[PDB]
Amino acid sequence: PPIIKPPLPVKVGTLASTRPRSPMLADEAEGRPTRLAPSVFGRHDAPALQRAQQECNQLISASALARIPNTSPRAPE
Amino acid sequence: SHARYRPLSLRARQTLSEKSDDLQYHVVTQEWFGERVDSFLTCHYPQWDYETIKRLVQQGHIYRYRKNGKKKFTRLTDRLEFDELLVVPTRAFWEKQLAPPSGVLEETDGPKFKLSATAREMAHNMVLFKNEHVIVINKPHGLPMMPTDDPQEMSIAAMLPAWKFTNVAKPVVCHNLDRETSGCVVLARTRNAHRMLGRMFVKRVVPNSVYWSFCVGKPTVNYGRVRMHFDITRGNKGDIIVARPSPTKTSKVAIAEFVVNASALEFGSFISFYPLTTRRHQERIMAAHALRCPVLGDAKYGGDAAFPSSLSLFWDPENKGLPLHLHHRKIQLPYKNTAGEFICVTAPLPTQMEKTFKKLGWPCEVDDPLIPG
Amino acid sequence: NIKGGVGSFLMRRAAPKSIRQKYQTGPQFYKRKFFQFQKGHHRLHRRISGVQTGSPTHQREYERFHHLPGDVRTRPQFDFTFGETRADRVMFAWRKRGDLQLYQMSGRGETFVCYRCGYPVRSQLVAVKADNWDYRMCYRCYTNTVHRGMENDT
Amino acid sequence: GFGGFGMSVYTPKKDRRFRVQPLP
Amino acid sequence: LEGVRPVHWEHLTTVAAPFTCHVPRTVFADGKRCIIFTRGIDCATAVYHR
Amino acid sequence: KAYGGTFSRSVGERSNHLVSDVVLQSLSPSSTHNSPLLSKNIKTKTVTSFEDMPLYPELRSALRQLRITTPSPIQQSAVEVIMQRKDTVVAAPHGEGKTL
Amino acid sequence: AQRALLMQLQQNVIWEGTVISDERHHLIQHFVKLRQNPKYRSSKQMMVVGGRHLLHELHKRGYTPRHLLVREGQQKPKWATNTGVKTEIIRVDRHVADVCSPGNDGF
Amino acid sequence: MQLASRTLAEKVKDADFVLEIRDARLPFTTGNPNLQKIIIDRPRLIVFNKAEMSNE
RNA sequence: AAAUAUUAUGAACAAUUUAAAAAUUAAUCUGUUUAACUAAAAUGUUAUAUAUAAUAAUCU
RNA sequence: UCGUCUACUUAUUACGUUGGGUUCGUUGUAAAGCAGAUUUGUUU
Ligand SMILES: Nc1ncnc2c1ncn2[C@@H]1O[C@H](COP(=O)(O)OP(=O)(O)OP(=O)(O)O)[C@@H](O)[C@H]1O
Ligand SMILES: [Mg+2]
Ligand SMILES: [Mg+2]
Ligand SMILES: [Zn+2]
């Protein structure tokens with residue numbers, strides 16, 4: 001199994017799972033992402049981490065993910 | 001089977017956390033930047049209960065790294081920072097000599113015991129007090145609290161599925177009694193109720209329970225305190241209990257305040273014990289050896305002396321099978337009633353104790369004021 | 001054999017025995033090593049107090065804590081002032097917020113230990129967890145618990 | 001109220017001056 | 001031989017690089033290497049000859 | 001009696017009478033709050049890999065020759081501050097890559 | 001003495017693995033009274049039926065008993081094992097079954 | 001004593017010989033039944049007191 | 001800013017920090033006294049008990 | 001968290017005798033757990 005897990009869509013929530021732990025936390029889930037966060041499953045060195053990133057096409061640094069968007073460079077027809 | 005877990009100090013636990021690579025590092029990206037730790041963990045681990053997540057986070061098994069060279073332990077209410085890591089142990093992390101909290105691993109019920117109609121009827125009859133959090137039952141004489149070495153014997157641990165009136169899970173016994181001791185037994189209905197009531201049954205300084213006993217002979221003092229030090233050693237088919245007046249490293253103390261309420265002249269006595277500790281056969285040993293008055297029917301401590309011929313008009317001293325005259329009478333609870341007093345549950349005296357009291361002319365049902373409400 | 005001398009004040013840094021005690025990641029269930037009290041107090045307990053300005057006819061007893069935020073600014077659901085006086089002198093009881101319910105005692109403040117902060121607190125406001133009076137909370141921890149939403153957890 | 005949680009409380013002497021009547 | 005264990009940093013593990021000494025080790029005999037730190041010069045000299 | 005022992009005359013901190021060559025200084029913030037060096041700016045942020053920090057190709061080959069891939073926590077913090085041309089105090093324990 | 005009393009209690013209240021051997025058992029006397037005394041029968045609104053296949057046909061029709069004594073050496077009925085039936089099953093001896101009913105079919 | 005029979009056997013194995021002290025009027029009542037039940041290889045010297053009061 | 005006199009009033013952890021505890025289970029600390037008379041003068045503690053609520057009927 | 005455990009087995013027969021060999025388990029917890037104490041009436 002690969003060591004880098006990419007973001008995946010959140011699983012469908014059941015009744016109790018969608019129900020918050022407290023009635024005051026009902027507004028906490030107002031703005032939430034529909035996809036999970038990327039993860040690394042072990043302890044590795046920097047060359048191994050870079051090779052895993054290149055093989056999985058998934059960056060680990062949130063700063064790099066934010067600064068390098070996947071956008072089309074051509075103008076829309 | 002949990003047979004691979006070892007006692008670990010905080011230093012060893014931190015060292016194992018540092019060494020073990022069975023960790024997952026969730027990167028806090030822009031989409032989860034600013035969320036709460038409990039929210040993040042609940043969204044990322046649907047198979048974990050909130051109790052499990054709370055225990056992990058508060059005990060420090062789940063932590064976070066803010067690129068500072070050190071680990072950061074947080075509360076469930078702390079917000080996540082951008083471009084940090086959340087370190088969570090994996091399944092393989094708990095396969096080493098480090099035991100996880102109760103919620104991490106998954107237990108299997110397996111078999112389910114069947115209770116008959118008469119068994120359920122008597123289980124409902126034994127109920128004394130019921131609450132949203134606790135159930136106090138009247139365990140009788142001769143009924144084991146737990147399954148003994150012989151698995152064919154009935155027990156309160158086996159009758160337990162009969163006291164889940166409306167709950168989904170059966171209650172949990174908060175304290176165990178001897179096979180011969182009869183009286184009030186506390187069963188927590190909720191897991192949180194059990195965790196909160198466990199504090200009430202550890203060694204204390206103020207007693208919250210009474211033991212009414214009929215001892216053979218009257219002690220030299222009407223009231224006082226008893227303190228022994230018990231050492232338990234494994235024997236052939238039993239336990240060797242060594243009682244000492246001085247403490248030892250392998251010993252544990254047993255303390256109880258006794259009061260002689262009423263008595264015959266020098267042949268029998270009615271004594272109320274108020275214990276402060278929880279030791280095996282505590283009351284029986286302290287009556288037989290400290291007070292030098294064996295409990296009526298206590299054949300294990302002072303066998304021939306526990307069946308006196310003075311009560312031969314009432315009890316035949318030749319059968320040697322009469323029930324032990326020791327009864328867990330009254331117990332205080334942390335829950336209050338509508339009047340503002342702590343709820344004190346009282347159990348009626350058994351048949352043999354009521355018979356002895358009536359033959360000696362003593363009132364059976366009397367409130368013991370030494371344990372307030 | 002060989003004897004040396006090291007003061008216990010050098011080892012006091014290692015007094016906490018767990019993550020919960022060293023970093024305060026949860027409620028201090030009567031296991032707290034380091035305490036922070038106001039400079040000058042000799043009786044080491046925290047004080048959540050109320051201001052009395054009038055008779056029970058004009059100013060009600062729960063209105064003393066109006067300067068505090070939270071449920072003390074609402075009128076309670078239960079009132080035990082009329083009729084037989086409570087044994088523990090509980091005058092009012094607010095609505096249950098999850099597993100916590102706020103009570104107001106009568107007389108001088110009773111000094112108890114909040115299991116969330118771990119401090120001895122002297123106040124008339126006691127929050128009981130799951131109707132079990134062994135686990136009590138000061139009003140400050142009660143307001144903080146409700147604010148975060150941990151009412152059903154702690 | 002000017003009380004607060006951390007701030008300690010004191011017992012102020014009740015103002016017993018003669019007050020003007022409110023007006024519609 | 002050097003008993004090198006993987007150094008454990010947060011989410012980073014590596015192995016120790018060879019020693020940066022101006023005299024490379026060329027003899028490998030059976031035994032553990034050690035330094036005996038003494039006080040003063042005379043004690044170092046004496047233990048050397050003992 | 002209220003106290004029978006004796007209190008030390010060290011008003012600054014523990015071991016105020018000794019010389020710095022013998023005793024080590026406290027690093028707790030309650031003590032470093034008045035220190036002229038440790039009360040000032042302190043760099044704690046780190047850089048994960050050597051590729052994230054700017055290095056010339058000759059320095060890349062020197063690291064490969066020395067067989068060094070992942071930076072140690074002191075190198076993750078001190079390399080960037082020195083490349084910014086600032087007076088730096090590289091403080092680290094023994095055997096953590098303080099030389100490089 | 002305590003072991004004797006505990007075994008007698010486990011015989012009185014039917015426990016797992018308990019085979020009734022004493023004819024003075026309360027349920028055995030209940031069955032004997034239902035068989036013999038008509039006033040007890042009319043007061044309890046109960047009746048005693050014999051025959052494995054007869055009980056099977058009654059279950060098919062929709063009638064199930066509340067106590068099913070099975071003589072030791074016979075199998076438990078599949079309809080009694082089924083979940084929809086709430087009939088308690090009891091193990092009795094040969095002479096106990098003879099006392100409960102002179103000609104016992106085993107059930 | 002049937003519970004500590006095993007501890008007594010271990011102590012006998014550890015010792016080189018055994019020295020029993022009994023009362024001649026109640027020889028077997030005073031003697032330890034564990035030593036009578038267990039066959040031990042260490043020789044034992046028994047000392048019966050009050051032999052002049054006991055039966056010849 | 002000089003020339004002179006004195007100086008022992010005494011804190012342990014945690015978090016953050018080449019920027020801000022903003023983690024409220026966190027405080028970041030030197031208190032406190034200080035007022036010519038006559039006038040003038042701008043300052044604050046009220047409660048709202050029903051709208052994801054409350055009061056009610058039919059029927060499956 | 002006050003559980004329970006002076007009898008089994010290799011043989012011998014008779015309606016008890018004689019030779020050998022010798023624990024199980026409920027629940028909670030992974031610390032919020034583990035030794036000992038938990039006392040105070042200038043009634044002098
Ligand atoms: N990033 C790295 N990865 C692996 N090994 C390293 C790394 N950096 C340095 N080392 C190794 O660590 C060893 C010790 O380095 P260094 O001399 O800097 O330690 P030091 O802290 O100066 O020790 P001292 O204070 O005792 O002089 C060197 O031999 C080097 O090979
Ligand atoms: Mg100057
Ligand atoms: Mg203890
Ligand atoms: Zn609190």
# chains A, B, ... in the order shown; residues from 1 in each chain; ligands from 1
>>> select_by_dssp(residues="chain A", states="alpha helix (DSSP H)", output="PyMOL selection string")
chain A and resi 15-18+46-56+62-67
>>> residues_around(residues="residue 25 (chain C)", least_positions_apart="3", cutoff="6 Å", atoms="only C-alpha atoms (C1' of nucleotides)", output="list in words")
residues 58, 74 and 75 of chain B; 20 of chain C
>>> write_last_selection(atoms="N, CA and C atoms", output="compact mmCIF listing (two decimals), in the first residue's frame")
# COMPACT_ATOMS: atom_id res chain seq x y z
N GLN B 58 -7.19 13.37 25.03
CA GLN B 58 -6.92 13.88 26.37
C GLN B 58 -5.79 13.12 27.06
N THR B 74 -3.13 18.96 22.79
CA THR B 74 -4.21 19.93 22.75
C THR B 74 -5.49 19.35 23.34
N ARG B 75 -6.47 20.23 23.51
CA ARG B 75 -7.80 19.86 23.94
C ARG B 75 -8.71 19.65 22.73
N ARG C 20 -2.43 14.50 30.84
CA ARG C 20 -3.54 15.30 31.34
C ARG C 20 -3.09 16.24 32.45
>>> residues_near_ligand(ligand="ligand 3", cutoff="8 Å", atoms="only C-alpha atoms (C1' of nucleotides) and all ligand atoms", output="ChimeraX atom specification")
/B:203 /J:34-35
>>> write_last_selection(atoms="N, CA, C and O atoms (P, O5', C5', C4', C3', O3' and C1' of nucleotides)", output="PDB file, in the first residue's frame")
ATOM      1  N   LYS B 203     -10.803   2.929  48.960  1.00  0.00           N
ATOM      2  CA  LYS B 203     -10.529   3.288  50.347  1.00  0.00           C
ATOM      3  C   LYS B 203     -10.846   4.756  50.604  1.00  0.00           C
ATOM      4  O   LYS B 203     -10.483   5.630  49.814  1.00  0.00           O
TER       5      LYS B 203
ATOM      6  P     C J  34      -5.156   4.407  43.640  1.00  0.00           P
ATOM      7  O5'   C J  34      -4.902   2.845  43.816  1.00  0.00           O
ATOM      8  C5'   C J  34      -4.092   2.356  44.871  1.00  0.00           C
ATOM      9  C4'   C J  34      -3.100   1.335  44.378  1.00  0.00           C
ATOM     10  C3'   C J  34      -1.696   1.442  44.955  1.00  0.00           C
ATOM     11  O3'   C J  34      -1.574   0.808  46.218  1.00  0.00           O
ATOM     12  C1'   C J  34      -1.587   1.163  42.599  1.00  0.00           C
ATOM     13  P     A J  35      -2.091   1.530  47.558  1.00  0.00           P
ATOM     14  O5'   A J  35      -0.922   1.273  48.607  1.00  0.00           O
ATOM     15  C5'   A J  35      -0.440  -0.037  48.866  1.00  0.00           C
ATOM     16  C4'   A J  35       0.619  -0.020  49.939  1.00  0.00           C
ATOM     17  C3'   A J  35       0.203   0.611  51.258  1.00  0.00           C
ATOM     18  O3'   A J  35      -0.484  -0.296  52.099  1.00  0.00           O
ATOM     19  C1'   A J  35       2.274   1.513  50.580  1.00  0.00           C
TER      20        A J  35
END
>>> atom_distance(atom1="CA of residue 29 (chain C)", atom2="CA of residue 65 (chain C)")
26.5 Å
>>> residues_around(residues="region 36-47 of chain G", least_positions_apart="6", cutoff="12 Å", atoms="only C-alpha atoms (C1' of nucleotides)", output="list in words")
residues 29, 30, 64, 65, 66, 67, 99, 100, 101 and 102 of chain G
>>> write_last_selection(atoms="C-alpha atoms", output="CSV table (one decimal), in the first residue's frame")
chain,number,residue,atom,x,y,z
G,29,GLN,CA,-46.5,-30.3,41.0
G,30,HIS,CA,-48.1,-27.6,38.8
G,64,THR,CA,-47.6,-22.8,21.4
G,65,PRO,CA,-47.3,-23.8,25.0
G,66,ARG,CA,-45.4,-21.9,27.7
G,67,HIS,CA,-43.6,-24.9,29.3
G,99,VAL,CA,-45.3,-38.6,37.1
G,100,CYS,CA,-46.2,-35.6,35.0
G,101,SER,CA,-48.1,-38.0,32.6
G,102,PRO,CA,-48.6,-41.8,32.9
>>> atom_distance(atom1="CA of residue 6 (chain B)", atom2="CA of residue 99 (chain B)")
7.7 Å
>>> interface_residues(of="chain B", to="chain A", cutoff="7 Å", atoms="only C-alpha atoms", output="MDAnalysis selection string")
chainID B and resid 21:29 31:32 44 83
>>> interface_residues(of="chain J", to="chain C", cutoff="12 Å", atoms="only C-alpha atoms (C1' of nucleotides)", output="VMD selection string")
chain J and resid 30 to 33
>>> residues_around(residues="region 12-18 of chain G", least_positions_apart="3", cutoff="6 Å", atoms="only C-alpha atoms (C1' of nucleotides)", output="compact mmCIF listing (two decimals) with N, CA, C and O atoms, in the first residue's frame")
# COMPACT_ATOMS: atom_id res chain seq x y z
N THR B 118 -38.69 -17.71 35.63
CA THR B 118 -38.56 -17.65 37.08
C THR B 118 -37.31 -16.87 37.49
O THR B 118 -37.33 -16.13 38.48
N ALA B 119 -36.22 -17.03 36.73
CA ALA B 119 -35.01 -16.27 37.01
C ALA B 119 -35.25 -14.78 36.86
O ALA B 119 -34.83 -13.98 37.70
N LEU G 9 -31.63 -24.61 44.82
CA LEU G 9 -32.13 -23.35 44.27
C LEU G 9 -32.06 -23.34 42.74
O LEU G 9 -32.99 -22.88 42.07
>>> residues_near_ligand(ligand="ligand 2", cutoff="12 Å", atoms="only C-alpha atoms (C1' of nucleotides) and all ligand atoms", output="list in words")
residues 1, 2, 3 and 4 of chain I
>>> residues_around(residues="region 54-58 of chain F", least_positions_apart="4", cutoff="10 Å", atoms="only C-alpha atoms (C1' of nucleotides)", output="MDAnalysis selection string")
chainID F and resid 50 62:64 79:80 83
>>> write_last_selection(atoms="C-alpha atoms", output="PDB file, in the first residue's frame")
ATOM      1  CA  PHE F  50      17.087  20.335   1.787  1.00  0.00           C
ATOM      2  CA  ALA F  62      28.790  17.996  -1.102  1.00  0.00           C
ATOM      3  CA  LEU F  63      25.791  16.691   0.850  1.00  0.00           C
ATOM      4  CA  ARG F  64      25.582  13.594  -1.356  1.00  0.00           C
ATOM      5  CA  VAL F  79      20.386  27.232   7.910  1.00  0.00           C
ATOM      6  CA  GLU F  80      17.693  29.715   6.873  1.00  0.00           C
ATOM      7  CA  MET F  83      21.449  32.583   4.803  1.00  0.00           C
TER       8      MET F  83
END
>>> residues_around(residues="residue 38 (chain E)", least_positions_apart="5", cutoff="9 Å", atoms="only C-alpha atoms (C1' of nucleotides)", output="VMD selection string")
chain E and resid 43 to 44 47
>>> write_last_selection(atoms="N, CA, C and O atoms", output="PDB file, in the first residue's frame")
ATOM      1  N   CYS E  43      47.228  11.819  36.000  1.00  0.00           N
ATOM      2  CA  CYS E  43      46.378  10.639  36.105  1.00  0.00           C
ATOM      3  C   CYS E  43      46.187   9.975  34.748  1.00  0.00           C
ATOM      4  O   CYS E  43      46.166   8.744  34.652  1.00  0.00           O
ATOM      5  N   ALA E  44      46.040  10.775  33.689  1.00  0.00           N
ATOM      6  CA  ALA E  44      45.954  10.210  32.347  1.00  0.00           C
ATOM      7  C   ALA E  44      47.227   9.460  31.987  1.00  0.00           C
ATOM      8  O   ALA E  44      47.173   8.373  31.402  1.00  0.00           O
ATOM      9  N   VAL E  47      47.386   6.064  34.311  1.00  0.00           N
ATOM     10  CA  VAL E  47      46.476   5.022  33.842  1.00  0.00           C
ATOM     11  C   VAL E  47      46.938   4.465  32.504  1.00  0.00           C
ATOM     12  O   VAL E  47      46.737   3.281  32.209  1.00  0.00           O
TER      13      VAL E  47
END
>>> residues_around(residues="region 8-24 of chain E", least_positions_apart="3", cutoff="8 Å", atoms="only C-alpha atoms (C1' of nucleotides)", output="VMD selection string")
(chain A and resid 42 to 46) or (chain B and resid 18 to 19 25 65 69 to 70) or (chain E and resid 4 to 5) or (chain F and resid 66 to 70 72 to 73)
>>> atom_distance(atom1="CA of residue 21 (chain G)", atom2="CA of residue 91 (chain G)")
9.1 Å
>>> residues_near_ligand(ligand="ligand 4", cutoff="10 Å", atoms="only C-alpha atoms (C1' of nucleotides) and all ligand atoms", output="PyMOL selection string")
(chain C and resi 27-28+46+112-121+126-127+136-145) or (chain I and resi 25)
>>> select_by_dssp(residues="chain C", states="strand (DSSP E or B)", output="number ranges by chain")
C: 46-48, 78-79, 90-93, 97, 100-105, 110-114, 120-123, 125-129, 132-137
>>> write_last_selection(atoms="C-alpha atoms", output="JSON list (two decimals), in the first residue's frame")
[["chain", "number", "residue", "atom", "x", "y", "z"],
["C", 46, "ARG", "CA", -11.20, 30.59, 44.14],
["C", 47, "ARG", "CA", -14.30, 32.67, 44.86],
["C", 48, "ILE", "CA", -17.31, 33.11, 42.58],
["C", 78, "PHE", "CA", -37.16, 25.08, 39.69],
["C", 79, "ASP", "CA", -37.59, 27.08, 42.91],
["C", 90, "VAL", "CA", -30.68, 24.44, 47.53],
["C", 91, "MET", "CA", -32.80, 27.47, 46.65],
["C", 92, "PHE", "CA", -32.92, 27.32, 42.83],
["C", 93, "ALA", "CA", -32.09, 24.89, 40.04],
["C", 97, "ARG", "CA", -27.66, 21.65, 29.98],
["C", 100, "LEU", "CA", -24.79, 19.43, 33.82],
["C", 101, "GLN", "CA", -27.37, 21.19, 35.99],
["C", 102, "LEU", "CA", -26.72, 24.43, 37.86],
["C", 103, "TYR", "CA", -27.88, 24.84, 41.46],
["C", 104, "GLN", "CA", -27.77, 27.74, 43.90],
["C", 105, "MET", "CA", -27.12, 27.07, 47.58],
["C", 110, "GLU", "CA", -19.39, 25.93, 50.37],
["C", 111, "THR", "CA", -15.80, 25.16, 49.38],
["C", 112, "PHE", "CA", -15.77, 22.32, 46.84],
["C", 113, "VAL", "CA", -13.35, 21.09, 44.16],
["C", 114, "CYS", "CA", -14.32, 21.46, 40.51],
["C", 120, "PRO", "CA", -11.06, 24.45, 45.34],
["C", 121, "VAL", "CA", -13.91, 26.89, 44.71],
["C", 122, "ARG", "CA", -16.02, 28.69, 47.32],
["C", 123, "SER", "CA", -19.33, 29.67, 45.75],
["C", 125, "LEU", "CA", -23.34, 28.07, 42.39],
["C", 126, "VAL", "CA", -22.69, 24.33, 41.99],
["C", 127, "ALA", "CA", -23.04, 22.42, 38.72],
["C", 128, "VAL", "CA", -23.68, 18.71, 39.30],
["C", 129, "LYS", "CA", -22.73, 16.19, 36.62],
["C", 132, "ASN", "CA", -23.99, 12.74, 40.99],
["C", 133, "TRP", "CA", -23.02, 15.20, 43.73],
["C", 134, "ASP", "CA", -19.48, 13.80, 43.98],
["C", 135, "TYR", "CA", -18.57, 15.54, 40.70],
["C", 136, "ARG", "CA", -19.26, 19.28, 40.95],
["C", 137, "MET", "CA", -18.25, 22.28, 38.84]]
>>> closest_residue(among="C:16, C:40, C:56, C:4", to="residue 29 (chain I)", atoms="only C-alpha atoms (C1' of nucleotides)")
C:40
>>> interface_residues(of="chain C", to="chain A", cutoff="10 Å", atoms="only C-alpha atoms", output="list in words")
residues 97, 98, 146, 147, 148, 149, 150, 151, 152 and 153 of chain C
>>> closest_residue(among="F:89, F:42, F:74, F:53", to="ligand 1", atoms="only C-alpha atoms and all ligand atoms")
F:74
>>> decode(residues="region 29-64 of chain G", atoms="C-alpha atoms", output="PDB file, in the first residue's frame")
ATOM      1  CA  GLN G  29     -46.524 -30.337  40.966  1.00  0.00           C
ATOM      2  CA  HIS G  30     -48.075 -27.641  38.757  1.00  0.00           C
ATOM      3  CA  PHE G  31     -48.301 -30.122  35.876  1.00  0.00           C
ATOM      4  CA  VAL G  32     -49.688 -32.844  38.159  1.00  0.00           C
ATOM      5  CA  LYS G  33     -52.357 -30.476  39.489  1.00  0.00           C
ATOM      6  CA  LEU G  34     -53.282 -29.364  35.968  1.00  0.00           C
ATOM      7  CA  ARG G  35     -53.622 -33.037  35.030  1.00  0.00           C
ATOM      8  CA  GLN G  36     -55.648 -34.186  38.047  1.00  0.00           C
ATOM      9  CA  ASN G  37     -57.485 -31.351  39.790  1.00  0.00           C
ATOM     10  CA  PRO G  38     -60.185 -29.761  37.591  1.00  0.00           C
ATOM     11  CA  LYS G  39     -60.671 -26.746  39.871  1.00  0.00           C
ATOM     12  CA  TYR G  40     -56.982 -25.820  39.685  1.00  0.00           C
ATOM     13  CA  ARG G  41     -57.194 -26.337  35.919  1.00  0.00           C
ATOM     14  CA  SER G  42     -60.187 -24.009  35.567  1.00  0.00           C
ATOM     15  CA  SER G  43     -58.584 -21.438  37.878  1.00  0.00           C
ATOM     16  CA  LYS G  44     -55.274 -21.385  35.984  1.00  0.00           C
ATOM     17  CA  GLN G  45     -56.855 -21.661  32.498  1.00  0.00           C
ATOM     18  CA  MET G  46     -54.122 -24.142  31.554  1.00  0.00           C
ATOM     19  CA  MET G  47     -54.012 -27.681  30.193  1.00  0.00           C
ATOM     20  CA  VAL G  48     -51.543 -30.529  29.687  1.00  0.00           C
ATOM     21  CA  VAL G  49     -51.016 -31.948  26.189  1.00  0.00           C
ATOM     22  CA  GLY G  50     -48.886 -34.886  25.088  1.00  0.00           C
ATOM     23  CA  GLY G  51     -47.353 -36.079  21.831  1.00  0.00           C
ATOM     24  CA  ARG G  52     -44.490 -34.576  19.839  1.00  0.00           C
ATOM     25  CA  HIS G  53     -46.358 -34.591  16.529  1.00  0.00           C
ATOM     26  CA  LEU G  54     -49.521 -33.298  18.208  1.00  0.00           C
ATOM     27  CA  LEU G  55     -47.586 -30.335  19.608  1.00  0.00           C
ATOM     28  CA  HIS G  56     -46.060 -29.857  16.151  1.00  0.00           C
ATOM     29  CA  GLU G  57     -49.511 -29.718  14.543  1.00  0.00           C
ATOM     30  CA  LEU G  58     -50.698 -27.296  17.230  1.00  0.00           C
ATOM     31  CA  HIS G  59     -47.699 -25.066  16.498  1.00  0.00           C
ATOM     32  CA  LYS G  60     -48.556 -25.236  12.793  1.00  0.00           C
ATOM     33  CA  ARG G  61     -52.122 -24.177  13.606  1.00  0.00           C
ATOM     34  CA  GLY G  62     -50.733 -21.337  15.718  1.00  0.00           C
ATOM     35  CA  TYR G  63     -50.818 -22.552  19.324  1.00  0.00           C
ATOM     36  CA  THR G  64     -47.630 -22.815  21.376  1.00  0.00           C
TER      37      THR G  64
END
